[PDB]
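**Q** Next up is a structure, given as structure tokens.
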Amino acid sequence: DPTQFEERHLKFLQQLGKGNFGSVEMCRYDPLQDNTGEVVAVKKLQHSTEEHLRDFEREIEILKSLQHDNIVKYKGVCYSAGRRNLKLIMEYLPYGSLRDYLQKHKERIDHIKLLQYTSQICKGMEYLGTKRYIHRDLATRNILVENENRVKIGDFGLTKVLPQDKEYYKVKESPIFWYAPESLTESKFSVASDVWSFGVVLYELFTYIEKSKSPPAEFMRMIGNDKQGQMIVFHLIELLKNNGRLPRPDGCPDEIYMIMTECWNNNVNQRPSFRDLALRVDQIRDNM
Ligand SMILES: Nc1nc(Nc2ccc(S(N)(=O)=O)cc2)nn1C(=O)c1c(F)cccc1F
């Protein structure tokens with residue numbers, strides 16, 4: 001509906017974040033011009049092209065097709081510049097990314113909270129899988145915090161729909177330290193490579209985003225911090241194929257590390273499902 005969010009009533013409140021190809025703003029949609037209205041987040045392209053606009057349309061369709069408690073809510077589209085451009089309207093989550101939240105609000109984070117967030121992420125990913133969507137960018141920087149009891153998966157800019165006849169999508173066009181080995185070596189993405197990335201997400205959570213413990217910092221320390229360019233990927237592949245893995249974070253229960261290591265299976269079909277993982281995590285919590 002092109003009259004639902006008219007550019008003239010979308011009022012700027014704050015800049016939230018700019019990347020190479022996207023920017024997000026906090027705005028208030030004020031149809032009565034009474035300095036009220038709903039607070040929303042507005043995503044727009046940066047450095048746009050016809051191909052990026054097309055991908056942006058697919059991203060908007062993906063988000064609109066999702067209705068789940070642990071997925072950022074779609075609100076609509078603004079057809080700005082006299083209906084010659086597109087902006088995506090979605091819900092605004094006050095506490096930002098989970099990565100920043102873990103750094104900033106460690107005073108209210110403990111293992112119980114970490115496993116609650118883990119559970120909610122798994123459920124959101126179960127939901128995504130029923131649409132046969134592959135997120136391809138799961139990371140705590142892309143999970144958002146509504147409040148201390150609720151997180152939601154966001155940033156569907158890399159999300160692909162499986163072909164009807166296949167259980168993987170082959171990208172022909174990269175957060176390499178969250179990638180499964182078969183994504184690095186064959187460009188194959190699947191629910192199982194999303195489960196690999198989720199193991200990296202679980203690792204991040206239990207590192208509490210301490211300095212020098214991020215997956216890039218740890219992998220680079222293992223590979224050699226001097227390495228530059230493609231040699232980095234070469235070494236990353238060789239490491240992963242022969243069982244090199246992120247270490248257990250200090251303070252991390254062996255049981256939780258074992259979840260990480262089972263997600264990090266080189267054998268694509270032996271990784272657990274998101275339903276397995278949700279049940280296992282909620283049973284750990286309920287058994288606690
Ligand atoms: N829908 C949404 N809500 C927010 N909340 C937010 C974002 C940033 C902050 S900040 N600058 O650290 O204080 C605080 C709250 N982000 N968000 C997004 O889609 C979003 C994203 F996915 C990636 C980058 C930026 C975004 F904006």
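In the structure tokens, chains take letters A, B, ... by order of appearance, with residues numbered from 1 within each chain and ligands from 1 in the order shown.
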What parts of stretch 6-224 of chain A does DSSP call helix (DSSP H, G or I)? I'd like the answer as a count of residues only.

**A** 90

**Q** Show me which residues line ligand 1, defined as having an atom within 7 Å of a ligand atom where only C-alpha atoms and all ligand atoms count, and present them as JSON, numbers by chain.

**A** {"A": [15, 16, 17, 18, 23, 24, 25, 41, 43, 72, 90, 91, 92, 93, 94, 95, 96, 97, 100, 142, 144, 154, 155]}

**Q** What's the separation between atom CA of residue A:233 and atom CA of residue A:246, in Å to one decimal place?

**A**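 Going from atom CA of residue A:233 over to atom CA of residue A:246 covers 15.6 Å.
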
**Q** Counting only C-alpha atoms, figure out which residue out of A:271, A:116, A:30, A:128 gets nearest to residue A:284.

**A**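 Closest residue, counting only C-alpha atoms: A:116.
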
**Q** Write out as a short mmCIF file (atom, residue, chain, number, x, y, z; two decimals) with N, CA, C and O atoms, in the first residue's frame each polymer residue whose atoms come within 9 Å of residue A:58, counting only C-alpha atoms; drop sequence neighbours fewer than 6 positions from it.

**A**
data_model
loop_
_atom_site.label_atom_id
_atom_site.label_comp_id
_atom_site.auth_asym_id
_atom_site.auth_seq_id
_atom_site.Cartn_x
_atom_site.Cartn_y
_atom_site.Cartn_z
N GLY A 157 19.14 -9.00 4.48
CA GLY A 157 19.74 -8.54 3.23
C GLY A 157 20.49 -9.61 2.47
O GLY A 157 20.66 -9.49 1.26
N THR A 159 19.50 -12.93 2.69
CA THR A 159 18.70 -14.14 2.82
C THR A 159 18.30 -14.64 1.43
O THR A 159 17.99 -13.85 0.55
N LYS A 160 18.40 -15.95 1.22
CA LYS A 160 18.06 -16.55 -0.07
C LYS A 160 16.94 -17.56 0.15
O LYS A 160 16.84 -18.12 1.24
#

**Q** Just give me the gap between atom CA of residue A:254 and atom CA of residue A:266 in Å, one decimal is fine.

**A**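 Value for the atom CA of residue A:254-atom CA of residue A:266 distance: 20.2 Å.
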
**Q** Smallest atom-to-atom distance to residue A:215: which of A:170, A:188, A:248, A:105, using only C-alpha atoms?

**A**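 Ranking A:170, A:188, A:248, A:105 by distance to residue A:215, first place goes to A:248.
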
**Q** Which residue, A:261, A:267, A:3, A:214, has the smallest gap to residue A:192 when you use only C-alpha atoms?

**A** A:267

**Q** With a distance cut-off of 12 Å and only C-alpha atoms, select the neighbouring residues of residue A:130, excluding the residue or stretch itself and same-chain residues fewer than 2 positions from it, and output the selection as a count of residues only.

**A** 18

**Q** Taking into account only C-alpha atoms, which residue in the set A:235, A:47, A:104, A:28 is nearest to residue A:176?

**A**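 Going through A:235, A:47, A:104, A:28 one by one, the smallest distance to residue A:176 is for A:235.
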
**Q** So which bits of stretch 162-287 of chain A end up strand (DSSP E or B) when you DSSP the backbone, as a CSV table (one decimal) with N, CA and C atoms, in the first residue's frame?

**A**
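Written file, states28.csv:
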chain,number,residue,atom,x,y,z
A,169,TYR,N,21.3,-23.5,-1.8
A,169,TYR,CA,21.3,-22.4,-2.7
A,169,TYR,C,22.8,-22.1,-3.0
A,170,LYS,N,23.1,-22.0,-4.3
A,170,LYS,CA,24.5,-21.8,-4.7
A,170,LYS,C,24.6,-20.3,-5.0
A,188,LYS,N,27.9,-23.1,-1.2
A,188,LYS,CA,26.6,-23.7,-1.0
A,188,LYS,C,26.1,-23.3,0.4
A,189,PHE,N,24.9,-22.8,0.4
A,189,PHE,CA,24.2,-22.3,1.6
A,189,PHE,C,22.9,-23.1,1.8

**Q** Excluding residue A:113 and its own-chain neighbours fewer than 2 positions away, which residues fall within 12 Å of it when counting only C-alpha atoms? Please give them as a list in words.

**A**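 Counting only C-alpha atoms, the residues come to residues 98, 102, 105, 106, 107, 108, 109, 110, 111, 115, 116, 117, 118, 119, 120, 147, 148, 149, 150, 151, 205, 206, 208 and 285 of chain A.
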
**Q** Those residues with N, CA, C and O atoms, as a tab-separated table (two decimals), in the first residue's frame please?

**A**
chain	number	residue	atom	x	y	z
A	98	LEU	N	22.40	-7.33	19.50
A	98	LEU	CA	22.81	-8.17	20.62
A	98	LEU	C	24.30	-8.05	20.88
A	98	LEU	O	24.74	-8.06	22.04
A	102	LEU	N	25.36	-7.00	24.67
A	102	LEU	CA	26.25	-7.78	25.54
A	102	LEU	C	27.43	-6.95	26.01
A	102	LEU	O	27.86	-7.07	27.16
A	105	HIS	N	25.67	-3.85	28.44
A	105	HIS	CA	24.78	-4.15	29.54
A	105	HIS	C	25.17	-5.44	30.22
A	105	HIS	O	24.32	-6.23	30.62
A	106	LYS	N	26.48	-5.68	30.35
A	106	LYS	CA	26.95	-6.88	31.02
A	106	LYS	C	26.48	-6.94	32.48
A	106	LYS	O	26.43	-8.03	33.07
A	107	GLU	N	26.09	-5.80	33.07
A	107	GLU	CA	25.57	-5.78	34.44
A	107	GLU	C	24.30	-6.62	34.59
A	107	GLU	O	24.03	-7.14	35.69
A	108	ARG	N	23.50	-6.76	33.54
A	108	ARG	CA	22.29	-7.57	33.63
A	108	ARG	C	22.35	-8.84	32.77
A	108	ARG	O	21.32	-9.39	32.38
A	109	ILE	N	23.55	-9.35	32.50
A	109	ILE	CA	23.68	-10.57	31.71
A	109	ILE	C	24.39	-11.63	32.53
A	109	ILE	O	25.37	-11.34	33.23
A	110	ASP	N	23.80	-12.82	32.54
A	110	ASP	CA	24.35	-14.04	33.12
A	110	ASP	C	24.00	-15.21	32.20
A	110	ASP	O	23.42	-15.03	31.13
A	111	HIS	N	24.38	-16.41	32.61
A	111	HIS	CA	24.22	-17.55	31.72
A	111	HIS	C	22.76	-17.85	31.43
A	111	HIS	O	22.42	-18.34	30.35
A	115	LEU	N	21.22	-18.28	27.68
A	115	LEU	CA	20.49	-19.42	27.15
A	115	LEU	C	19.07	-19.04	26.73
A	115	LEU	O	18.51	-19.64	25.80
A	116	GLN	N	18.44	-18.08	27.43
A	116	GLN	CA	17.16	-17.57	26.94
A	116	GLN	C	17.31	-17.00	25.53
A	116	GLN	O	16.52	-17.32	24.62
A	117	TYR	N	18.33	-16.14	25.32
A	117	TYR	CA	18.56	-15.58	23.99
A	117	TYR	C	18.85	-16.68	22.96
A	117	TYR	O	18.36	-16.62	21.82
A	118	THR	N	19.66	-17.67	23.34
A	118	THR	CA	19.98	-18.80	22.46
A	118	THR	C	18.72	-19.50	22.00
A	118	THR	O	18.53	-19.76	20.81
A	119	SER	N	17.86	-19.84	22.95
A	119	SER	CA	16.55	-20.45	22.69
A	119	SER	C	15.73	-19.63	21.69
A	119	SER	O	15.24	-20.15	20.67
A	120	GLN	N	15.59	-18.32	21.96
A	120	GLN	CA	14.77	-17.46	21.09
A	120	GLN	C	15.33	-17.39	19.67
A	120	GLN	O	14.58	-17.44	18.69
A	147	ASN	N	14.10	-5.98	24.58
A	147	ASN	CA	14.20	-5.71	26.02
A	147	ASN	C	15.02	-6.86	26.61
A	147	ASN	O	15.39	-7.80	25.90
A	148	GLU	N	15.30	-6.80	27.93
A	148	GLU	CA	16.16	-7.84	28.51
A	148	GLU	C	15.59	-9.25	28.35
A	148	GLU	O	16.35	-10.21	28.52
A	149	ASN	N	14.33	-9.42	27.96
A	149	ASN	CA	13.74	-10.75	27.82
A	149	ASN	C	13.38	-11.14	26.39
A	149	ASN	O	12.79	-12.21	26.18
A	150	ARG	N	13.75	-10.33	25.38
A	150	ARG	CA	13.34	-10.67	24.03
A	150	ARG	C	14.36	-10.18	23.02
A	150	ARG	O	14.71	-9.00	23.02
A	151	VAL	N	14.81	-11.09	22.15
A	151	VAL	CA	15.67	-10.76	21.03
A	151	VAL	C	14.97	-11.23	19.76
A	151	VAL	O	14.08	-12.10	19.79
A	205	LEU	N	28.00	-15.33	22.10
A	205	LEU	CA	27.27	-15.10	23.34
A	205	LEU	C	28.15	-15.46	24.54
A	205	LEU	O	28.29	-14.67	25.48
A	206	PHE	N	28.75	-16.67	24.51
A	206	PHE	CA	29.47	-17.04	25.73
A	206	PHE	C	30.85	-16.40	25.85
A	206	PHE	O	31.45	-16.47	26.93
A	208	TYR	N	30.82	-13.08	25.54
A	208	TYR	CA	30.39	-11.79	26.07
A	208	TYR	C	31.03	-10.63	25.32
A	208	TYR	O	31.19	-9.53	25.90
A	285	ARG	N	17.82	-25.49	30.26
A	285	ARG	CA	17.23	-24.46	31.11
A	285	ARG	C	16.22	-25.04	32.09
A	285	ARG	O	16.21	-24.68	33.27

**Q** Would you compute the distance between atom CA of residue A:199 and atom CA of residue A:140? Give it in Å to one decimal.

**A**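 So the two atoms, atom CA of residue A:199 and atom CA of residue A:140, lie 11.3 Å apart.
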